[PDB]
Each structure stands twice: as structure tokens, then as C-alpha cells.
Amino acid sequence: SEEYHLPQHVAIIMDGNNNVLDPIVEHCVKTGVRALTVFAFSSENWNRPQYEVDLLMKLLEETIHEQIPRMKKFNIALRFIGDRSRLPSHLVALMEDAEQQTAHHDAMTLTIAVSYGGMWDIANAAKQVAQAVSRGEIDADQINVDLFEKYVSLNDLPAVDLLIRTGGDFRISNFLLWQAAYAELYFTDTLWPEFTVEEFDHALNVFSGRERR
Amino acid sequence: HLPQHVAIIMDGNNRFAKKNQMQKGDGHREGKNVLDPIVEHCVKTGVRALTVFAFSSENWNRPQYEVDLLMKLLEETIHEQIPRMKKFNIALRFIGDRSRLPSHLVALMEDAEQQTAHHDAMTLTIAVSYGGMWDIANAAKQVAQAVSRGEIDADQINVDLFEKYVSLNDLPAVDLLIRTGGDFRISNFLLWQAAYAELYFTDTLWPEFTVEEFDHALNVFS
Ligand SMILES: O=C(c1ccc(Cl)cc1)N1CCC[C@H](O)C1
Ligand SMILES: O=C(O)c1[nH]nc2c1CCCC2
Ligand SMILES: [Ca+2]
């Protein structure tokens, strides 16, 4: 194994909670990782008590505001995936501002999955395809993997080749089901608040074959 | 608590053949026998559904001689399983894109599923010419065909509606997924069905996989 190719698209399930991301985003830029996608808020997280949901909405508003100057300083594109119909209007307006101000940035793409689920993503892709059929734009017999995949979120980015799950659990928990179909899976007992750039870099090297698990 | 639906990625056949200095394809030949005690263990312990990744969408791009051996092994397996399904009261199912399989193998699959459809102790599913992406896109094609017939309003498509078109929708969700062979990957298997499944990865190559380790994997889930 002479050539050690790092992942092109890393996805992270940031579990173990019940500022960590900034040095990880900076390490992606340093090493040439093109995309980083993080699981901030799941479809399942709407089932938590209202005060918990309200607190996560405040943490999300806070994180985006703090990220916008960093995205501009480092020329990183900031994107969001998930169902926005269930989110507060001002948070949606903030998400739109962030993604519109950074859409042309080419250093890396940081995607934050908010009110997101792999199943929701897939069924939404199916809905848009069926809408195209209803509007007479396409015939349903043309629907195969090649057509359908274009409607799944982040299809323009490379496939997820490395999925990191912190917090000790061995599950994908309805995250990027489609996009991570061939991703190498890295599980760690390290809780998200304790997750380091040293361990993030080790996960990258496990993927490349430079380091062993 | 026992898992309701166990899925297995039976990897490591070729590595086993190389490790034990066997002939080309012998890993698949030895590997074919490993599932029988597992299937019997599932029935006797009360596992309701077992789904195995016998041939993937990606396996169509393997060397042709390997595709040939796998097609012959599938045909051999199905014949051998039909009397076993009748004895153990197991319903045998197949999932995957049948349009890509040999016509005679599809007739044999149809025979096996029809003759065992009334069995109710367990459901054994063999994923043949299968990929989670294929399954998902096929479910989207079927939803869109219903839209074209005027049966469904496209604006109404959501997770609850879509899930009904994905394979094994009448079975519980996969709650335990086992992968042998040392790789940490789902490799386009039951992407939808295993969305919340516990994952058990092992270095044990599939031909070396035992009922004892499988039983330990059930214990780990509980
Ligand atoms: O591992 C198996 C198997 C499946 C189901 C049963 Cl019941 C037994 C073996 N197979 C099927 C034949 C060829 C496949 O590649 C591998
Ligand atoms: O490539 C291998 O070594 C291997 N191990 N088990 C299987 C395969 C390929 C076809 C499905 C079952
Ligand atoms: Ca048509």
C-alpha cells in the first residue's frame, strides 16, 4: 500500500452529549477533505420534550451565527439538509442567509443535517420524482438508480466514504442511509465533547490504510 | 430480548480460500454450508426473520467465472433448501432485481417461494441480485406508477406511504445486522430496513462462522 488516499466526504454522528467541530473543519481544509456532513438534529429528536427541542433550536441558531464569519474567513460553503417545514421561521431565514452567502465557496462543503433522517431524505427524493411524473416531465418507466439518486440530498458531493460515530453505539441511526452505502464505518467510545483532532486524523488514516484500527 | 429480524453480510469466502491455499472459488463452496446450523438455530430460539446477502447488485461486476459459480451455487442452494423449509416450517423468500438473473433460476425461486409461502415459524429471505439502492429506486418507481394511474397524489408521498413499497415491508425492521470478514461497511445491503439496526462486525471469515459466535451476537443485542 504505497498511496494513502484520505476520505473525500466524511460524515459524523456526534453522539455522547447526554466548539469540538471547529478544529475538525480546519483539519479537513488542511488535509484536503472536500466535504464534512454532521448529524445535528434528527427526525427522531422532535419526539424529545418541548423544552429540550426549544434548547436545541437556540443552540442551532447560535451555532449558525458563530459559523457564518468562519465560513467567510475560510471560504467554506455552509449547507443544511433536512425537513425545514417543522423548524422556526427565523431559524429557516438564518439557514437561507448562511447558505446563500457561502454557496459559491470552494475550499470545502460543511453540511449540517437539521430535522433530518435518511428515510425522510429518501421519501422526499421519491416525492420529487413522482411530482416530475405527474407534471409530465418524465415517464415512471425511466425511474432507476441513475435517475433516482440525483434527488437524494448531497448527490453533487462525492459519496460519503467515511462515517464516524462517537458515543460507543454501533448503529447508523437513520443518518445518510443512501450516501454512506459504501462508507467505511468508524466507531469510537469517545463521547462527542471529548472528541479530538488527533482521533479524527486517526479515523482518516484508518480509511487510507496508513494506520490500523 | 431476542432480535426480531437478523440480517447477515456473509463476507470472507475468497479471503478464506487464499488463507487455506484452496482452489479458485472453494471459499464459496465451503461457505455455502455455514448457514444451515444458523437457520436451524434461528427457528429453535424464536428469531422471526433471517435475511442473507447472497448476491449483490455490485456482484454482477465480479469476474464472470465467479458470477457463474455463484449462479450455480444459488441454484444448488435453493433445491437443497426446499425440503429443509418444509421440515422446519420456514417461509423462503427472495429479494432483488430478478430481471438480471437467469430465467431458469427465477422459475426455481418462484417455485420455492410459492411452496413455502404458508409456512409461519420463520421467514428466511435470500437477497439475490439485490442492492438497497435498487430496492429504494424500485419502490420510488412503483409509487410513481401508482401516481400515473391516478391512485396516489404525489403531494401526499411521505415516509409512511413510501415504506410500503420497499422490500420486506410486511416483516419487522432489521434490528440486528451481522457482517463477517473484518470490513466495517453496510455495502449497499438493507439500507432502509436496517436504518436503526444494531451492528455486529467480526473478523471471523464466513466459512469459519459458527452458531456459537452467532448466538454470542444475539446475546450482545440483549
Ligand atoms: O451463503 C449462501 C447461502 C444462502 C442461503 C442458504 Cl439457506 C444457504 C447458503 N449463498 C447462496 C449461494 C451463493 C451465495 O453467494 C451464497
Ligand atoms: O467475495 C467474497 O469473499 C464473498 N464472501 N461471501 C460472499 C462473497 C461474494 C458473494 C456473496 C457472498
Ligand atoms: Ca410509462
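Residues numbered from 1 in each chain as written, not as in the entry; some residues may be left out. Chains lettered and ligands numbered in written order. Heavy atoms only, no water.

Here the PDB entry's recorded title is "Acinetobacter baumannii undecaprenyl pyrophosphate synthase (AB-UppS) in complex with GR839 and GSK513". Check the Sequence similarities (unreviewed entry) section of the UniProt entry for chain B; it says "Belongs to the UPP synthase family." (UniProt positions renumbered as here; feature names shortened; annotations may be inferred.)

The UniProt entry for chain A carries this comment under Catalytic activity (unreviewed entry): "8 isopentenyl diphosphate + (2E,6E)-farnesyl diphosphate = di-trans,octa-cis-undecaprenyl diphosphate + 8 diphosphate". Its UniProt record, at the heading Sequence similarities (unreviewed entry), says of chain A: "Belongs to the UPP synthase family."

Novice: Quick rundown of the coordination of the calcium ion (ligand 3)? Include the residues and the values.
Specialist: Looking at the calcium ion (ligand 3), the protein donor atoms are A:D139 (OD), A:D139 (OD) and A:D141 (OD), and they sit 2.3 to 2.6 Å from it. On the accessibility criterion, A:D141 (51% relative accessible area) is exposed. (Donors = N, O, S within 2.8 Å, 3.2 Å for Na, K, Ca; no water. Buried < 20%, exposed > 50% of the residue type's maximum accessible area, 1.4 Å probe, protein only.)

Novice: Tell me about the packing of helix α2 (residues 50-74) of chain A against helix α3 (residues 89-102) of chain A, and name the residues and values.
Specialist: Residues and elements named next belong to chain A. One can describe the packing of α2 onto α3 by two numbers: an axis separation of 10 Å at closest approach and a directional angle of 15 degrees. Considered as vectors, α2 and α3 are oriented roughly parallel to each other. Handedness of the crossing formed by α2 with α3: left-handed. Contacts between α2 and α3 involve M57, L60, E61, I64, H65, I68, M71 and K72 from the former and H90, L91, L94, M95, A98, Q101 and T102 from the latter. Partitioned by chemical class, the residues of the contact of α2 with α3 number nine nonpolar, four polar and two charged. (Axes fitted to C-alpha atoms, helices over the stretch in contact; angles between N-to-C directions. Helix = DSSP H or I, 4+ residues; strand = E, 2+ residues; numbered from the N terminus. Parallel < 35°, antiparallel > 145°, perpendicular 65-115°, else oblique. Left-handed = near helix turned anticlockwise from the far one by under 90°. Contact = heavy atoms within 4.5 Å. Nonpolar A, V, L, I, M, F, W, Y, C, P; charged D, E, K, R; others polar.)

Novice: So what's going on with the site of ligand 2? Residues and values would help.
Specialist: All names here are of chain B. Lining the immediate surroundings of ligand 2 are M10, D11, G12, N13, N14, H28, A54, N59, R62 and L70. Contact between ligand 2 and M10: a nitrogen atom at 2.6 Å from a main-chain N or O atom of the residue. With respect to ligand 2, the side chain of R62 contributes an N or O atom lying 2.8 Å from an oxygen atom. Out of a free accessible area of 310 Å², ligand 2 has 90% covered by protein chains. Among the cavities detected, the one that contains ligand 2 is the second largest pocket. (Near = heavy atom within 4 Å. Polar contact = N/O pair within 3.5 Å; in protein donor to acceptor, adjacent residues only side chain to side chain. Areas by Shrake-Rupley, 256 points an atom, 1.4 Å probe, with all protein chains shown as cover. 1 Å grid on protein atoms, 1.4 Å probe; cavity = no way out; pocket = protein on both sides within 12 Å on 5 of 7 lines; lining within 4 Å. Sits in = over half its atoms within 2 Å of the grid points.)

Novice: Account for the nonpolar core, naming residues and giving values.
Specialist: Among the nonpolar cores identified, the biggest contains 73 residues, and A:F148, B:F162, B:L177 and B:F189 are the most heavily contacted of them. In this structure, A:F148 is in contact with A:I122, A:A125, A:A126, A:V129, A:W178, B:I136, B:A137 and B:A140, ignoring residues within four places of it in sequence. Formed by 43 residues, the second largest nonpolar core is a distinct cluster that contains B:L50, B:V52, B:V67 and B:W206. (Core = buried A, V, L, I, M, F, W, Y, C linked by side-chain atoms within 4.5 Å.)

Novice: Provide a residue-level description of the pattern of salt bridges, including the pertinent values.
Specialist: In the structure shown here, the tally under the stated rule is 24 salt bridges over all chains. Across the pair B:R185 and A:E184 runs a salt bridge, and its minimum N-O distance is 3.7 Å. Of this pair, B:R185 sits in the loop between β5 (176-180) and β6 (198-201) while A:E184 sits in strand β6 (residues 184-187), each in a different chain. A relative accessible area of 8% means that A:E184 is categorised as buried. Across the pair B:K32 and B:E76 runs a salt bridge whose closest N-O atoms are separated by 3.1 Å. Of this pair, B:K32 sits in the loop between α2 (26-31) and α3 (35-45) while B:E76 sits in helix α4 (residues 64-88); the two residues are 44 residues apart in sequence, bridging distant segments of the chain. B:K32 sits in the partly exposed class, given a relative accessible area of 29%. For B:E76, a relative accessible area of 29% translates into the label partly exposed. (Salt bridge = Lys/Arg side-chain N within 4 Å of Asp/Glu carboxyl O.)

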